[PDB]
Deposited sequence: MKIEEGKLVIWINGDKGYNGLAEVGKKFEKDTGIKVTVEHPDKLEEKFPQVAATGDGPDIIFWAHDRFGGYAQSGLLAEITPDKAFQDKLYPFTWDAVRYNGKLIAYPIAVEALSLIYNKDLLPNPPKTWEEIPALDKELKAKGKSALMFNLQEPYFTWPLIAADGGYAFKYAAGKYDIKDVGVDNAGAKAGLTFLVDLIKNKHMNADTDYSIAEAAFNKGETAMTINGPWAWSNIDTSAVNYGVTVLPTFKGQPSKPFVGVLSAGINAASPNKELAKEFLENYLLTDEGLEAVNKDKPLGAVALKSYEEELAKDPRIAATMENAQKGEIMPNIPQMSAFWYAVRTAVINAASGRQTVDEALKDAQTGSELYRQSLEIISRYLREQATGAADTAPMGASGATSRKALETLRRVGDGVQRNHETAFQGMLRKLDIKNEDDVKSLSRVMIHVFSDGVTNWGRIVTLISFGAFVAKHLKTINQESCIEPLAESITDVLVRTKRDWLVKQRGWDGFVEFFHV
């Protein structure tokens, strides 16, 4: 699908894509290879869909947090720069793009949210979130507002949610999710109260907050370094500072490393490597991008040394040190989707803060909890013996879901033995290659039909049936990847339905004898 002898690059529409196009022209100059830069809407959702069919761009730019998902699905080339090139970037930027011990992208720049304030309206910006309501009352008397920022993307509200204890995944334990704890609830409650008391509007998005700030209508916004060009042009007299504290604690922004990955399906891998190493990640390449939209604190030591002198970069790094680097683990995409929904529903009053963060916690935990139940059932079906290891967190849910599946799953395998044996004998499975192709059939058959617990038990029960065969033919090491792919089919295709059902609690209640 992907054409040979050219480079197609995807980058987000808030970055310096005209700058990047100029590095493209310089590459074409030396090589005769044309470089096309695109900025499609929702490119971070579209990349996995298209790349999975061997389509999409040669090079994808995004914050590192999505790249583990892409690498797990096999959508990225491993990159292998020599030590001399690795030595040119900060080791912590390389750590952001390492997944399962392998480098999966080139790091470009460190991005952290700051408080941006209009110095002609607000000579001393507020140190605390708690003083913002009074400050808004003062500014409303003068025909202005205290603060506007994008309430549609949870990236911008996260720093307040994290301040008093909210977290995605502890230190990374995927079993320990801190989305519906007291600290998260306190942060999101303060946000909702701001909206209730008319200090902010639930509909405010990127464009509205940017237009209000850049015209001098609002004293403050929250945004990253990419936003500074547009403010420069507007001749607002602005500062960039430390985010306000909440309950005496720093705001903790999720820090991104803008990263460039190479599509596994690209026939132009050596061209992409040459472009990124020898054109983009140079003093002149990054300057060309930075002068279009600021990158933040760049990975390339030589150029960071020049930029570090900027007090706006010093404030970006101060917010970065108080926050933490995003995980790159594959459930980051599921975490963001759940938290986005929670913020928008709490802000709009469609749900309470309690309902909203309960559902977000269920959504963030869904893959792990589903794998635990499905993996345990396939293994105990295969061997005749239950797993002794503790169930961990929500162990009650897992144990009861497993006990339910033992009753309802064994019933399906008993009543439909005829068809299950028929299908099994037809597939003639003898190795993990056979199992990988079995996976392909399953996704199609399961997605084709309607959504209910009966069809979900049937998928899992067929999995148990196949697992018993794999043990029988000394292919026991194939059972975990079978559990993984059934889990992936289930939570990818039925996420929203599963969350509406209260995940595996809904399963336990539905079949409660």
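- According to the record, no C-alpha positions are given for deposited positions 1, 173 to 176, numbered from 1.
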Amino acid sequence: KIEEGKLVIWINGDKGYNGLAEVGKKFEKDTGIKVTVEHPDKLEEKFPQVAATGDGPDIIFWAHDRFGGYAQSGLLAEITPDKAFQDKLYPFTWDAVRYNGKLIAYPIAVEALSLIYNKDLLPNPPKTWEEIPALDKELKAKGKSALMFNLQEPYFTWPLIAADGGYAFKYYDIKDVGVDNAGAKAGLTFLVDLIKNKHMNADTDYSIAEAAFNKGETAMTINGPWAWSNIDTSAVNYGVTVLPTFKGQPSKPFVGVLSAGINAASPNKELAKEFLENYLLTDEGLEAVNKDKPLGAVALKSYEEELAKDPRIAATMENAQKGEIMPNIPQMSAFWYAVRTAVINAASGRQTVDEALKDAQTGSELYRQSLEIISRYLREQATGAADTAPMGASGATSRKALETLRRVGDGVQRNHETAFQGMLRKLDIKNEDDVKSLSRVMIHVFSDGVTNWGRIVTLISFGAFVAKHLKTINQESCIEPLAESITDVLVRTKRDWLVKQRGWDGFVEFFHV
From here on, numbers count along this sequence of modelled residues.
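Think of the rigid core as the biggest set of C-alphas that the two forms share within 1.5 Å after superposition.
- Superposing the other copies on the rigid core and comparing 403 to 411 to 274 to 282, farther C-alpha placement in 8 other deposited structures of this protein marks 403 to 411.
- Of the two stretches examined, 413 to 421 and 70 to 78, the one with higher mean CA deviation in 8 other deposited structures of this protein after a rigid core fit is 413 to 421.
- Higher mean CA B-factor, judged across 36 to 44 and 442 to 450 from the recorded values: 442 to 450.
- Higher mean CA temperature factor, per the PDB entry, when comparing 174 to 182 with 139 to 147: 174 to 182.
- Take 397, 345, 290, 404 and read off each C-alpha B-factor from the entry; 397 has the highest.
- Per the deposited record, 436 carries the highest C-alpha B-factor of all listed residues (119, 379, 436, 215).
- For residue 361, the recorded CA temperature factor ranks within the middle third of the chain's modelled residues.
- Per the deposited record, the Cα B-factor of residue 266 falls in the highest third when ranked against the other modelled residues of its chain.
- In this PDB entry, residue 485 carries a Cα temperature factor that places it within the middle third of its chain's modelled residues.
- Residue-level temperature factors show residue 499 in the middle third of its chain, judged at the C-alpha atom.
- Residue 294 sits in the lowest third of its chain by CA B factor, as recorded in the PDB entry.
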